[PDB]
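First, one chain by itself: the form deposited in one PDB entry, in structure tokens.
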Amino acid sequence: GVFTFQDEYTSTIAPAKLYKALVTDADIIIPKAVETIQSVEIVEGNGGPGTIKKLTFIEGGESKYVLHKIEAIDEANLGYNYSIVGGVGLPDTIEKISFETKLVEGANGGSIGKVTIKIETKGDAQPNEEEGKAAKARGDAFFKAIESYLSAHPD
């Protein structure tokens, strides 16, 4: 099956500066800002499409990682697309999960962060609702931590 999900986040922060933190300078900023993420590193590639990044994080007290493959990166248009290509544990019935993200101008010089998630499953399997809830919350917390960090570090 094929399933879509969307979420949106608002910030008082300007979109180009949020995108620099989230994407350009992600390998430095994300582990500083996000207290459950230990590291974000390039496993292979030059930063462009095809690049594989490894995000190491703690969950339930246990060290885990996930691998992200960069699918599109467009700084001019504040766009970044990636799919999950590996990690700890099993996908179970999840064949594929990709993300499409964009930042746009929001209220009073601020931003809106838009994320579209596309999940492909085996046959008639449905995406797990408890894991969806957890993912949704993680996304919220992630975007919020980045905002906190940038605010606490004017520039």
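Start at 1 with the first residue shown and count on from there. The term rigid core refers to the most C-alpha atoms you can superpose between the two forms while keeping them within 1.5 Å.
For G106, the fraction of other compared entries lacking coordinates, among those that model flanking residues, is zero, nowhere near a third. Modelled in this chain, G47 is likewise built in all the other compared entries whose models extend past it on both sides, so a third of them omitting it does not occur. The deposited model assigns a higher average Cα B-factor to 121-129 than to the other stretch when 64-72 and 121-129 are compared.
Set 134-142 against 9-17 and average the Cα temperature factors; 9-17 ends up higher. Ranking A107, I42, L55, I30 by Cα temperature factor from the entry places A107 first.
Out of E35, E100, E59, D92, the entry records its largest CA B-factor for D92.
There is also a form deposited in another entry; it is not shown, and the following applies to it.
Summarising the superposition on the core between this form and the one not shown, the listed residues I42, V88, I58, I28 contain exactly one with a Cα shift of 2 Å or larger, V88.
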